[PDB]
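Structure first, then comments.
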Number of protein chains: 2
Amino acid sequence: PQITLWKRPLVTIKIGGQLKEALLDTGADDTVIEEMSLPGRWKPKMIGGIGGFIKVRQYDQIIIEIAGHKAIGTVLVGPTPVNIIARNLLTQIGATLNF
Amino acid sequence: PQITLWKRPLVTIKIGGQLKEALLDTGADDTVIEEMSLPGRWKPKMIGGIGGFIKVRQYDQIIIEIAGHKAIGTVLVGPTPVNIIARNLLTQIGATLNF
Ligand SMILES: O=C1N(Cc2ccc(CO)cc2)[C@H](Cc2ccccc2)[C@H](O)[C@@H](O)[C@@H](Cc2ccccc2)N1Cc1ccc(CO)cc1
């Protein structure tokens, strides 16, 4: 689809079989999700935002459906008010910005 | 243009006669710019992201030229580590997400 920005660009995602709401965010590099259980090992990762840096958990090759499109890639787990789908997965489902 | 997301969508802007680099971010509500002077009245505001909250000055009716596209609206000024062009001005320039 085409998504205007008068409202937050919120979509449904499916992960570990659960439907969740998420934000499409072109300012973030790697997807970040609220605490949940994910399979396999994780690795530490530093992410910087508006207030500074934080430590989160990095999981690789996680399967996720975004607005009905299939993606597999890195998901970070850490403290956020909402799930953030970032450039890493937005590129996999062919999203681009247009103006 | 059409902006792919293989890399940070960085664009050149002009604000208060100054040229700057800024990030186009569909995930933010309000535009945030690194400390600078702007004319007019302003009110205090707190904004919060990954890493915490920061104090900003909120200026209204500020004009910004974004990659050659003029736009007007609210600009938050404060110690952000990156300039962020948010939905309040992305809508004005007609930007959409497409996939
Ligand atoms: O920290 C924010 N990151 C940081 C960030 C960086 C890296 C990752 C994963 O790689 C994820 C998130 C982005 C903007 C930004 C880019 C570069 C440097 C600093 C900031 C994001 O793109 C924006 O959506 C919100 C995401 C956010 C939303 C709420 C709570 C936590 C996370 N922010 C915070 C923000 C809040 C208000 C406004 C003004 O409305 C602007 C920014």
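When we count neighbours, we look across all protein chains shown, and the Cβ atoms used for this are built from the backbone with ideal geometry, even at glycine. No lab work stands behind these numbers, since they all come straight from the coordinates.
Numerical summary
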quantity	calculated
Residues of type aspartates and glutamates that B:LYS70 reaches as a straight line, Cα spacing below 16 Å, ignoring anything fewer than 8 places off in the same chain	B:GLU21, B:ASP60
Set of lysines with alpha-carbon distance to B:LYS55 below 24 Å, sequence-local pairs under 8 removed	A:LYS55, B:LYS14, B:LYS20, B:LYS43, B:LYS45
Structure-based [θ]222 nm, chain A - -39500 (n - 2.57) summed over DSSP H runs of at least 4, per residue, nearest 500	-1500 deg cm²/dmol
Charge tally in the Cβ shell below 14 Å around B:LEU23, where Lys, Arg are +1 and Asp, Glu are -1, B:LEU23 excluded	-1
Chain A: most fluctuating residue of A:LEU23, A:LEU76, A:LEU38 per GNM, C-alpha cutoff 10 Å	A:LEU38
For B:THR91, label point 7 Å along C-beta direction: distances to other copies, nm	3.0
Qualifying chymotrypsin sites (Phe, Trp or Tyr not before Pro) in the stretch A:31-69, DSSP loop, other Cβ atoms within 10 Å at most 15	A:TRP42
The protein assembly as shown, dipole about Cα centre (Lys/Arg Cβ +1, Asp/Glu Cβ -1), debye to the nearest 20	120
Dipole magnitude of chain A about its Cα centre (Cβ charges: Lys, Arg +1; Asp, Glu -1), debye to nearest 20	100
Gyration tensor over alpha-carbon atoms, chain A, equivalent ellipsoid semi-axes in Å	21, 17, 12
Overall form of the protein assembly as shown per C-alpha gyration tensor (a/c, 1.5; a/b vs b/c)	prolate
Computed magnitude of the charge dipole of the stretch B:12-68 (debye, nearest 20; Cβ of K, R +1, Cβ of D, E -1)	280
